[PDB]
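I have placed the structure first, in the form of structure tokens, so that the comments after it can refer back to it.
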């Protein structure tokens, strides 16, 4: 027990990603009150009413209230121009939030986020694209759109939700994180990944080498779709993009959609039902028309469903900022069912919440950055200094 | 506050290796008492006396007393037959131990492991190979033998100390852990890594493709040397095994083993002199002749090292079993020196030891295993039941 | 012998290798010079900042 | 040279002479103090001259 310039430092450094999964569908299946008889069945319909209770809290008042802003994140009003409170936040939100709360431990060393200027923009879109069209496209379709990492405005975290695919297939092939950038760019998607990180690892995971038959499927197509996603979706809008995103997510590529996620009901349905701009300025008009209509749908919420005052379960959003929004080790998806469940994986989460997570196993497509920057200058203790000092105790 | 079947469980599971570095050389340079003037200098040689002062403790009494045995690994007395102690453990041992005690946190999820039936076997050898022949080969040579992950008896954690080399050069490539078992096997080089995990990632990191000039000088031989390590060292001794290994660790192969290997001298000098059995045959006879002699030399510790009766600084290794030997993140080295000394510690180690435990130690090349087995049978609360309940608090 | 750099290049490397070594040699002061444990005359340089270092006309030699 | 001629303890008989060389040992005994710990500790820094630690990184003593 000797002494050489000690301290105690806290840190934060890592990445985070999110997905739109069939998870919401399990949370909006209408289990929450469909079988509740408080003759509230006076007021019509209850199909979308429940589902739509998903957004308007899980993206602005819950997560973007403490996670975003507090994350050393000086947020611009015009993305929170309207701090919202929807008492409809069933047992899923204060729960959901705890479930999905952007933030990792400090006793460890991680954090979350990569594009909250593009993600939300899309989410809002989805809430509108979904909570406006036909509320429940039965898994197939709506789920596709959301898990299809739908068309972008050039930023979209997509590339990550897509990176999932390629990696899974290439067993032996382990890629340098650089592959995480492949999302956008022209050539570098046909040199780094596709050619080098393919004619190398691709020429192995499936070395068809077919002759006079065009390497259809068998890696070479996923790469093409990859090459596409590189040059043919970043050149702008127009059918040339959808049609050639769709062509790349539609036909011939029926083998490329099998890797990731897809149904001829997302693409030919959703995709042919959104107008490429359904992700770009839709993401805008969904914030300055849909967010103001979010109002209507929120006020409608704080007016209609509010009327659900007569049951006695809901509560209101009383501004976090004190409530916070980070802490849950949503890291590494805790799921594995076989006769009996099995919550697994790294992220020494908790014990009281863990197992309570059944309602919702939060999952941020995190990258994970083993970083504990115990940065230390020694303009006062040239390592050696200590050395003699300590050395001068083993002598006597 | 949703609870549902919580618990709180602690676990352990991960890898762990070890290396013989120039680290010892910095701990045996004779800076602990070489300048001490108590006239102890009564006609005596103090060259090896210091260097060999830590061996008999840092491998049986210190580490193997708690780490090994307490690690739930049924130990055979004939690897600890002479559970003797050494009071010469100056300030480097109780320190060293804390510096190199194998036992990751539980608040996290990791542990130690990499053949303690082969490691110690070789270590004891080194103790003899070094502390007997050339007590200070001046970095070059002895350090080599140590770092060279010296000849094995088929086991040897070499394969890992060698894997540190083929992964360093291959930037564009990352490999599936399956490349760790790259050690021994006749196919490791004619299949997975070398051909596939090479004609793919190696045909990129060095795609010489030379004609009538034999392409081996371009890291295809590292694959060959790899090939060798695959088929030519596992075929027994045939002395040439050294010759080969040596050939592959010398003759032209110098340009091969200089990415993560030492000086050939420590191969023709050491290895050849040592006689291939000085790692398998030596180990045994070094454990049941040298370990017994370890006493004759422990006597050197409790007679030669004991003669240090008056200086009064020595008095280490009183307990065990109770003193334990696991719980110091001296793992993920992550140390860098520039003007000042910065010590980045991936795993949230400590703050009192950290900065104190930089004076020398920073343990081996663990192969981390993100594992937090938070398992959970569901023969009591079929997720629906819970959800069904919680849902019954979101209806009213 | 020194090589022209032994005044510019040396200085730097003498401040960030020799100053560090200055320790290895300071060790010579706190190990070699420290071995002088018993004679009992040495014990200088306890403070600074408070001890100051300016105010002696040891200037104009004369 | 007049301060390192070895007149401070060369004639001292305490038998400290236990197999050691005392030629440079004396001469080099003042360096590490007369330029950082002694002079540059107050003179320099207190002289209102914004000093960079990388000229006093090892504010060690002797």
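Quick reminder, even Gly has a Cβ in these numbers, built from the backbone with ideal geometry, and neighbours come from all protein chains shown. Rule-based calculations on the coordinates, nothing more; no lab input.
Conditions first: (1) more than 14 Å from every other protein chain (Cβ to nearest Cβ); (2) in a helix (DSSP H, G or I). Residue B:103 passes all but one, so which condition is the exception?
Against the list (1) more than 14 Å from every other protein chain (Cβ to nearest Cβ); (2) in a helix (DSSP H, G or I), residue B:103 comes up short only on (2).
Going through A:308, A:349, A:303 one at a time, which residue ends up being within 13 Å of chain B (Cβ to nearest Cβ) and either farther than 27 Å from residue A:87 by Cβ or in a loop (DSSP other than H, G, I, E, B) (or both)?
None of the other options fit; the residue is A:349.
Does residue A:283 satisfy the criteria of being outside any helix (DSSP H, G or I) and touching a residue at least 60 places away in the same chain (Cβ under 8 Å)?
Answer is no for this residue.
Only one of these is facing chain A (nearest Cβ under 9 Å), in contact (Cβ under 8 Å) with a residue 40 or more places away in the chain and buried (at least 18 other Cβ atoms within 10 Å of the Cβ): B:355, B:361, B:390. Name it.
B:390
With respect to the numbered conditions (1) without any contact (Cβ under 8 Å) to a residue 24 or more places away in the chain; (2) under 12 Å from residue B:88 (Cβ atoms), which one is the sole condition not fulfilled by residue B:39?
Among (1) without any contact (Cβ under 8 Å) to a residue 24 or more places away in the chain; (2) under 12 Å from residue B:88 (Cβ atoms), the lone unmet condition for residue B:39 is (2).
Kindly provide the set of residues from the stretch B:146-162 that are more than 19 Å from residue B:179 (Cβ to Cβ) and in a helix (DSSP H, G or I), ordered by number.
Hits for the stretch B:146-162 are B:146, B:147.
Go through the stretch B:3-32 and report how many residues are more than 20 Å from residue B:299 (Cα to Cα) and either more than 12 Å from chain A (Cβ to nearest Cβ) or in contact with a helix residue (DSSP H, G or I) (Cβ under 8 Å, 6 or more places away or on another chain) (or both).
Going through the stretch B:3-32 one residue at a time, the tally reaches 18.
For residue B:208, only one of the following conditions fails: (1) more than 22 Å from residue B:157 (Cα to Cα); (2) surrounded by 17 or more Cβ atoms within 10 Å (Cβ to Cβ). What is its number?
(2) is the only condition that residue B:208 fails.
Is it true that some residue in the stretch C:8-17 is under 18 Å from residue D:35 (Cβ atoms) and either loosely packed, with under 11 Cβ neighbours inside 10 Å or touching a residue at least 40 places away in the same chain (Cβ under 8 Å) (or both)?
There is at least one residue in the stretch C:8-17 that is under 18 Å from residue D:35 (Cβ atoms) and either loosely packed, with under 11 Cβ neighbours inside 10 Å or touching a residue at least 40 places away in the same chain (Cβ under 8 Å) (or both).
Please state which one of A:255, A:369 is within 13 Å of chain B (Cβ to nearest Cβ) and part of a loop (DSSP other than H, G, I, E, B).
Just one listed residue meets the conditions, A:369.
Name the residue that is nearest to the chain's Cα centre (by Cα), counting only residues in the stretch C:33-42 that are within 11 Å of chain A (Cβ to nearest Cβ) and assigned to a helix (DSSP H, G or I).
C:34
Which of (1) part of a helix (DSSP H, G or I); (2) facing another protein chain (nearest Cβ under 7 Å); (3) touching a residue at least 60 places away in the same chain (Cβ under 8 Å) is the odd one out, the single condition residue A:295 does not satisfy?
That leaves (2) as the condition not met.
Exactly one condition in (1) over 30 Å from residue B:88 (Cβ atoms); (2) more than 9 Å from chain B (Cβ to nearest Cβ); (3) more than 17 Å from the chain's Cα centre (by Cα) is not met by residue A:384; state its number.
Failing condition for residue A:384: (1).
Within the stretch A:69-95, can you find the residues that are under 30 Å from residue B:392 (Cα atoms) and in a helix (DSSP H, G or I)?
A:94, A:95
Do the conditions hold for residue B:374, that is, is it more than 19 Å from residue A:387 (Cβ to Cβ), touching a residue at least 60 places away in the same chain (Cβ under 8 Å) and touching a strand residue (DSSP E or B) at 6+ places or on another chain (Cβ under 7 Å)?
Considered against the rule, which asks whether it is more than 19 Å from residue A:387 (Cβ to Cβ), touching a residue at least 60 places away in the same chain (Cβ under 8 Å) and touching a strand residue (DSSP E or B) at 6+ places or on another chain (Cβ under 7 Å), residue B:374 comes out as yes.
Looking at A:183, A:234, which is the one that is surrounded by fewer than 18 Cβ atoms within 10 Å (Cβ to Cβ) and in a loop (DSSP other than H, G, I, E, B)?
Result: A:234 is the single residue among A:183, A:234 that is surrounded by fewer than 18 Cβ atoms within 10 Å (Cβ to Cβ) and in a loop (DSSP other than H, G, I, E, B).
The rows are residues; the columns are (1) surrounded by fewer than 21 Cβ atoms within 10 Å (Cβ to Cβ); (2) at negative phi.
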{"site": "B:247", "(1), (2)": "yes, yes"}
{"site": "B:252", "(1), (2)": "yes, no"}
{"site": "B:257", "(1), (2)": "no, yes"}
{"site": "B:277", "(1), (2)": "yes, yes"}
{"site": "B:297", "(1), (2)": "no, yes"}
{"site": "B:306", "(1), (2)": "yes, yes"}
{"site": "B:326", "(1), (2)": "yes, yes"}
{"site": "B:336", "(1), (2)": "yes, yes"}
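Among the numbered conditions (1) touching a helix residue (DSSP H, G or I) at 6+ places or on another chain (Cβ under 9 Å); (2) within 14 Å of chain B (Cβ to nearest Cβ); (3) within 15 Å of residue A:222 (Cα to Cα); (4) not in a loop (DSSP other than H, G, I, E, B), tell me where residue A:168 comes up short.
For residue A:168, the failing item is (1).
Just the residues that are touching a strand residue (DSSP E or B) at 6+ places or on another chain (Cβ under 9 Å) and more than 7 Å from every other protein chain (Cβ to nearest Cβ), please, taken from the stretch A:325-346.
A:335, A:336
Would you point out which residue out of A:374, A:322, A:396 is exposed (fewer than 15 other Cβ atoms within 10 Å of the Cβ), at the interface with another protein chain (Cβ under 8 Å from one of its Cβ atoms) and in a loop (DSSP other than H, G, I, E, B)?
A:396
Looking at B:98, B:122, B:66, which one is within 14 Å of chain A (Cβ to nearest Cβ), in a helix (DSSP H, G or I), out of contact with any strand residue (DSSP E or B) (no Cβ under 6 Å at 6 or more places or on another chain) and on the phi < 0 side of the Ramachandran plot?
Exactly one of B:98, B:122, B:66 is within 14 Å of chain A (Cβ to nearest Cβ), in a helix (DSSP H, G or I), out of contact with any strand residue (DSSP E or B) (no Cβ under 6 Å at 6 or more places or on another chain) and on the phi < 0 side of the Ramachandran plot, namely B:98.
Identify the residue in the stretch A:188-205 that is more than 18 Å from residue A:218 (Cβ to Cβ) and out of contact with any helix residue (DSSP H, G or I) (no Cβ under 8 Å at 6 or more places or on another chain) and, among all such residues, is surrounded by the fewest Cβ atoms within 10 Å (Cβ to Cβ).
A:191
Residues of the stretch B:258-273 being assigned to a helix (DSSP H, G or I) and under 19 Å from residue B:228 (Cβ atoms), which ones?
Scanning the stretch B:258-273 gives B:266, B:267, B:268, B:270, B:271, B:272.
Looking for whichever is farther than 22 Å from residue A:380 by Cα and surrounded by 12 or more Cβ atoms within 10 Å (Cβ to Cβ) here; the options are C:36, C:31, C:27. Which one fits?
Answer to the check: C:36.
Of these, B:107, B:77, B:165, which one is more than 24 Å from residue B:285 (Cβ to Cβ) and without any contact (Cβ under 8 Å) to a residue 24 or more places away in the chain?
Step by step, each of B:107, B:77, B:165 is checked, and only B:107 is more than 24 Å from residue B:285 (Cβ to Cβ) and without any contact (Cβ under 8 Å) to a residue 24 or more places away in the chain.
With the checklist (1) crowded, with 20+ Cβ neighbours inside 10 Å; (2) closer than 20 Å to residue B:369 by Cβ; (3) under 17 Å from the mean Cα position of the chain (by Cα) in hand, flag the one item residue B:96 doesn't pass.
Residue B:96 satisfies every listed condition except (2).
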